[PDB]
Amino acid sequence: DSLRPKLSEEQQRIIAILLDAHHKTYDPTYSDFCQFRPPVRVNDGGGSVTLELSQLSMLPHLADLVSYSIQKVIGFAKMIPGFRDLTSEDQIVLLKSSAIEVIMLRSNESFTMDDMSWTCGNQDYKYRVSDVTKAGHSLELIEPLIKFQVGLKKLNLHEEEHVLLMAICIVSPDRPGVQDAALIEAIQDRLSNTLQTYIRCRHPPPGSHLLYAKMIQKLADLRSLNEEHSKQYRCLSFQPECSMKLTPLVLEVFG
(Lines of atoms letter the chains of each structure in order from A and count residues from 1; the text may use other names and numbers.)
(Lines give C-alpha, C1' and ligand atoms only; values in the text may rest on other atoms or scores of the structure.)
Protein backbone atom coordinates (compact mmCIF):
# COMPACT_ATOMS: atom_id res chain seq x y z
CA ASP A 1 0.00 0.00 0.00
CA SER A 2 2.88 2.33 0.92
CA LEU A 3 3.45 4.94 -1.79
CA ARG A 4 7.00 5.43 -3.02
CA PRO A 5 7.36 9.01 -4.23
CA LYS A 6 10.46 9.48 -6.34
CA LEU A 7 13.31 11.58 -4.99
CA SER A 8 12.84 15.17 -6.20
CA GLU A 9 15.55 16.93 -8.22
CA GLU A 10 16.38 18.89 -5.05
CA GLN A 11 16.59 15.73 -2.91
CA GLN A 12 18.94 14.15 -5.47
CA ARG A 13 21.13 17.27 -5.27
CA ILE A 14 21.10 17.18 -1.44
CA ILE A 15 22.34 13.58 -1.54
CA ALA A 16 25.06 14.39 -4.09
CA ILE A 17 26.17 17.39 -2.03
CA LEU A 18 26.40 15.33 1.18
CA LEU A 19 28.30 12.48 -0.51
CA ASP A 20 30.73 15.04 -1.95
CA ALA A 21 31.08 16.75 1.45
CA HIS A 22 31.85 13.41 3.10
CA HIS A 23 34.33 12.37 0.41
CA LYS A 24 36.17 15.68 0.86
CA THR A 25 36.30 15.41 4.67
CA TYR A 26 36.77 11.68 5.33
CA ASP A 27 40.04 10.16 4.08
CA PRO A 28 39.39 6.40 4.03
CA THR A 29 43.14 5.66 4.04
CA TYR A 30 43.78 7.52 7.34
CA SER A 31 46.97 8.90 5.75
CA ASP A 32 47.20 11.92 8.08
CA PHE A 33 47.38 9.83 11.25
CA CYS A 34 51.19 9.71 11.33
CA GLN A 35 51.07 13.51 11.94
CA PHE A 36 49.35 13.05 15.32
CA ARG A 37 51.25 12.64 18.57
CA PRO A 38 52.24 8.96 18.64
CA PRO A 39 50.11 6.28 20.28
CA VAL A 40 51.69 4.79 23.41
CA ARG A 41 50.29 1.69 25.08
CA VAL A 42 51.46 1.12 28.67
CA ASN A 43 51.25 -2.39 30.15
CA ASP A 44 47.79 -2.42 31.73
CA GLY A 45 46.35 -5.95 31.46
CA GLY A 46 44.67 -5.45 34.85
CA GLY A 47 42.77 -2.32 33.81
CA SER A 48 44.13 -0.20 36.68
CA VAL A 49 42.38 3.15 36.89
CA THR A 50 45.28 4.57 38.96
CA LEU A 51 47.77 3.52 36.29
CA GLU A 52 45.55 4.72 33.43
CA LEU A 53 45.19 8.16 34.99
CA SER A 54 48.86 8.37 36.01
CA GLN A 55 50.04 7.76 32.41
CA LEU A 56 47.13 8.65 30.11
CA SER A 57 49.33 6.98 27.52
CA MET A 58 46.85 6.99 24.62
CA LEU A 59 45.38 10.39 25.39
CA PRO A 60 47.67 12.61 23.26
CA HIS A 61 47.13 10.42 20.17
CA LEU A 62 43.36 9.98 20.67
CA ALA A 63 42.91 13.67 21.50
CA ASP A 64 44.73 14.55 18.27
CA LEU A 65 42.54 12.04 16.38
CA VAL A 66 39.35 13.50 17.87
CA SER A 67 40.54 17.08 17.33
CA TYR A 68 41.33 16.33 13.65
CA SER A 69 37.93 14.70 13.31
CA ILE A 70 36.17 17.74 14.81
CA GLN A 71 37.88 19.90 12.17
CA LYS A 72 36.62 17.53 9.48
CA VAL A 73 33.08 17.58 10.94
CA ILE A 74 33.10 21.40 10.91
CA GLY A 75 33.98 21.26 7.18
CA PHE A 76 31.27 18.67 6.52
CA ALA A 77 28.63 20.67 8.41
CA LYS A 78 29.42 23.81 6.41
CA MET A 79 28.43 21.93 3.23
CA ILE A 80 25.09 20.65 4.57
CA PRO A 81 22.35 22.34 2.47
CA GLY A 82 20.86 25.09 4.63
CA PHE A 83 23.49 25.06 7.37
CA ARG A 84 24.98 28.37 6.26
CA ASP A 85 21.47 29.91 6.41
CA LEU A 86 21.78 29.69 10.21
CA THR A 87 23.36 32.44 12.30
CA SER A 88 27.00 31.91 13.20
CA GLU A 89 25.91 31.55 16.84
CA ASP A 90 23.48 28.70 16.04
CA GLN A 91 26.05 27.02 13.77
CA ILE A 92 28.55 26.95 16.64
CA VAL A 93 26.00 25.68 19.19
CA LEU A 94 25.11 22.83 16.81
CA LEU A 95 28.74 21.93 16.11
CA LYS A 96 29.83 21.92 19.73
CA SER A 97 26.83 19.88 20.88
CA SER A 98 27.01 17.26 18.09
CA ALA A 99 30.77 16.87 17.55
CA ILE A 100 31.28 13.76 19.72
CA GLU A 101 28.14 12.13 18.28
CA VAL A 102 29.26 12.72 14.69
CA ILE A 103 32.70 11.36 15.61
CA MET A 104 31.10 8.17 16.94
CA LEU A 105 28.87 7.89 13.83
CA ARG A 106 31.57 8.58 11.26
CA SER A 107 33.99 6.21 13.02
CA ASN A 108 31.65 3.35 12.07
CA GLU A 109 33.43 3.43 8.69
CA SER A 110 36.72 2.28 10.28
CA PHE A 111 35.06 0.00 12.84
CA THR A 112 35.11 -3.67 11.92
CA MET A 113 33.29 -6.65 13.32
CA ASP A 114 36.25 -8.79 12.20
CA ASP A 115 37.88 -8.15 15.60
CA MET A 116 35.76 -5.37 17.14
CA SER A 117 38.35 -2.62 16.51
CA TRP A 118 38.57 0.64 14.65
CA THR A 119 41.11 -0.41 12.02
CA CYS A 120 42.94 2.59 10.58
CA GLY A 121 46.04 0.84 9.32
CA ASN A 122 48.90 -1.11 10.79
CA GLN A 123 49.01 -2.16 14.44
CA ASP A 124 49.83 1.43 15.51
CA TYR A 125 46.51 2.81 14.24
CA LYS A 126 44.31 -0.10 15.23
CA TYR A 127 42.17 1.08 18.14
CA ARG A 128 40.56 -1.25 20.64
CA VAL A 129 38.52 -0.84 23.81
CA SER A 130 41.77 -1.17 25.78
CA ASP A 131 43.04 2.01 24.07
CA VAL A 132 40.01 3.93 25.29
CA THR A 133 40.77 2.63 28.80
CA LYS A 134 44.31 3.99 28.35
CA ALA A 135 42.86 7.45 27.60
CA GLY A 136 41.10 7.51 30.98
CA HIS A 137 37.57 6.35 30.09
CA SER A 138 35.55 3.58 31.75
CA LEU A 139 33.19 0.71 30.88
CA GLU A 140 30.07 2.87 31.31
CA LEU A 141 31.12 4.60 28.06
CA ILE A 142 32.94 1.75 26.32
CA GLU A 143 30.15 -0.86 26.62
CA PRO A 144 27.38 1.22 25.04
CA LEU A 145 29.88 2.59 22.48
CA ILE A 146 30.74 -0.87 21.14
CA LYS A 147 27.05 -1.90 21.25
CA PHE A 148 26.29 1.20 19.17
CA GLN A 149 29.02 0.42 16.61
CA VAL A 150 27.78 -3.14 16.07
CA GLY A 151 24.09 -2.09 15.96
CA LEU A 152 24.91 0.54 13.37
CA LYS A 153 26.99 -1.95 11.34
CA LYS A 154 24.11 -4.38 11.24
CA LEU A 155 21.83 -1.76 9.70
CA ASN A 156 24.04 -2.06 6.58
CA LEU A 157 23.43 1.57 5.65
CA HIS A 158 23.96 2.82 2.14
CA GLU A 159 26.52 5.63 2.07
CA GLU A 160 23.63 7.96 1.15
CA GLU A 161 21.86 6.98 4.40
CA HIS A 162 25.05 7.30 6.45
CA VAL A 163 25.77 10.88 5.29
CA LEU A 164 22.14 11.90 5.71
CA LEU A 165 22.22 10.54 9.28
CA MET A 166 25.32 12.59 10.12
CA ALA A 167 23.67 15.70 8.70
CA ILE A 168 20.45 15.09 10.63
CA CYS A 169 22.48 14.54 13.80
CA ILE A 170 24.17 17.96 13.41
CA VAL A 171 21.09 19.96 12.43
CA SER A 172 19.05 19.13 15.54
CA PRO A 173 16.66 21.80 16.86
CA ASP A 174 16.53 20.38 20.41
CA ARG A 175 20.14 21.23 21.40
CA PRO A 176 20.48 23.51 24.43
CA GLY A 177 21.25 27.15 23.58
CA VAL A 178 19.82 27.21 20.04
CA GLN A 179 18.14 30.47 19.08
CA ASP A 180 16.22 29.78 15.84
CA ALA A 181 14.84 26.32 16.57
CA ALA A 182 12.23 26.68 13.81
CA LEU A 183 14.82 27.31 11.08
CA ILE A 184 16.97 24.43 12.36
CA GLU A 185 13.86 22.21 12.29
CA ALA A 186 13.09 23.26 8.71
CA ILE A 187 16.61 22.36 7.57
CA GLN A 188 16.45 19.06 9.45
CA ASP A 189 13.02 18.21 8.03
CA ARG A 190 14.33 18.75 4.49
CA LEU A 191 17.09 16.23 5.30
CA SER A 192 14.75 13.79 7.11
CA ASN A 193 12.29 13.84 4.22
CA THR A 194 15.18 13.12 1.84
CA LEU A 195 16.21 10.13 3.98
CA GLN A 196 12.68 8.76 4.38
CA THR A 197 12.10 9.09 0.63
CA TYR A 198 15.48 7.51 -0.21
CA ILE A 199 14.83 4.48 2.03
CA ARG A 200 11.36 3.89 0.58
CA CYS A 201 12.43 4.05 -3.06
CA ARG A 202 16.12 2.96 -3.09
CA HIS A 203 16.66 0.53 -0.20
CA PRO A 204 15.71 -3.10 -1.05
CA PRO A 205 13.92 -5.40 1.44
CA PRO A 206 14.24 -6.79 4.05
CA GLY A 207 17.01 -4.40 5.28
CA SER A 208 14.65 -1.49 4.56
CA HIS A 209 12.10 -2.78 7.07
CA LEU A 210 11.46 -0.07 9.68
CA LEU A 211 14.93 1.25 8.79
CA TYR A 212 14.09 4.92 9.31
CA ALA A 213 12.84 4.21 12.84
CA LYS A 214 16.03 2.22 13.55
CA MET A 215 18.14 5.17 12.38
CA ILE A 216 16.17 7.58 14.60
CA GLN A 217 16.81 5.23 17.54
CA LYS A 218 20.55 5.41 16.81
CA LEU A 219 20.31 9.22 17.16
CA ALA A 220 18.79 8.71 20.61
CA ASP A 221 21.59 6.26 21.48
CA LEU A 222 24.09 8.95 20.49
CA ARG A 223 22.52 11.46 22.92
CA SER A 224 23.09 8.96 25.72
CA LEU A 225 26.70 8.36 24.62
CA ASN A 226 27.24 12.15 24.50
CA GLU A 227 26.00 12.56 28.09
CA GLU A 228 28.21 9.71 29.31
CA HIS A 229 31.26 10.99 27.45
CA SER A 230 30.72 14.44 28.97
CA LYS A 231 30.51 13.05 32.50
CA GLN A 232 33.77 11.12 32.03
CA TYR A 233 35.60 13.97 30.29
CA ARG A 234 34.78 16.17 33.31
CA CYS A 235 36.54 13.69 35.61
CA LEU A 236 39.43 13.18 33.17
CA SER A 237 39.89 16.98 33.29
CA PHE A 238 40.66 16.78 37.02
CA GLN A 239 43.90 14.96 36.27
CA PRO A 240 46.86 17.31 36.75
CA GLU A 241 48.56 18.12 33.40
CA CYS A 242 45.59 16.74 31.40
CA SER A 243 45.22 19.93 29.35
CA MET A 244 48.62 19.46 27.68
CA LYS A 245 47.49 16.01 26.49
CA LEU A 246 44.41 17.49 24.83
CA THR A 247 44.12 20.28 22.20
CA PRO A 248 42.65 23.79 22.33
CA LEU A 249 39.73 22.65 20.13
CA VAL A 250 39.03 19.60 22.32
CA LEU A 251 39.26 21.75 25.46
CA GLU A 252 36.70 24.18 24.06
CA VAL A 253 34.22 21.64 22.74
CA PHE A 254 34.16 19.50 25.91
CA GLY A 255 35.09 21.99 28.66
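From 1 onward, residues are counted along the sequence shown. Think of the rigid core as the biggest set of C-alphas that the two forms share within 1.5 Å after superposition.
Enquirer: State which stretch is farther from the displayed form on average in 8 other deposited structures of this protein, 198-206 or 50-58, counting RMS CA distance after fitting on the rigid core.
Expert: Evaluated in 8 other deposited structures of this protein, the stretch farther from the shown form is 198-206.
Enquirer: Mean CA B-factor: is it higher for 52-60 or for 202-210?
Expert: The stretch with the larger average C-alpha B-factor is 202-210.
Enquirer: If you take the mean CA temperature factor per stretch, which one wins between 66-74 and 36-44?
Expert: Here the higher of the two C-alpha B-factor means belongs to 36-44.
Enquirer: Which one of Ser117, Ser98, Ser88, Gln149 shows the top CA temperature factor in the record?
Expert: Of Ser117, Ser98, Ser88, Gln149, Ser88 has the highest C-alpha B-factor.
Enquirer: Among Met166, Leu145, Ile103, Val178, which carries the highest Cα B-factor?
Expert: It is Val178.
Enquirer: Consider only the C-alpha atoms of the modelled residues in this chain, order them by B-factor as the entry records it, and name the third containing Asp124: lowest, middle or highest.
Expert: Answer is highest: the recorded C-alpha B-factor places it there.
Enquirer: Relative to the other modelled residues of the same chain, rank the CA B-factor of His162 and answer lowest, middle or highest third.
Expert: Its C-alpha B-factor belongs to the lowest third of this chain's values.
Enquirer: How does the C-alpha B factor of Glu10 compare with the rest of the chain: lowest, middle or highest third?
Expert: Highest third - that is where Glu10 ends up once the chain's C-alpha B-factors are sorted.
Enquirer: Would you mind checking where the Cα B-factor of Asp131 ranks among the modelled residues of its chain, as the lowest, middle or highest third?
Expert: As the PDB entry reports it, the C-alpha B-factor of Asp131 lands in the middle third of its chain.
Enquirer: Using only modelled residues of the chain, where does the Cα B factor of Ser243 rank: lowest third, middle third or highest third?
Expert: Middle third, going by the recorded CA B-factors of the chain.
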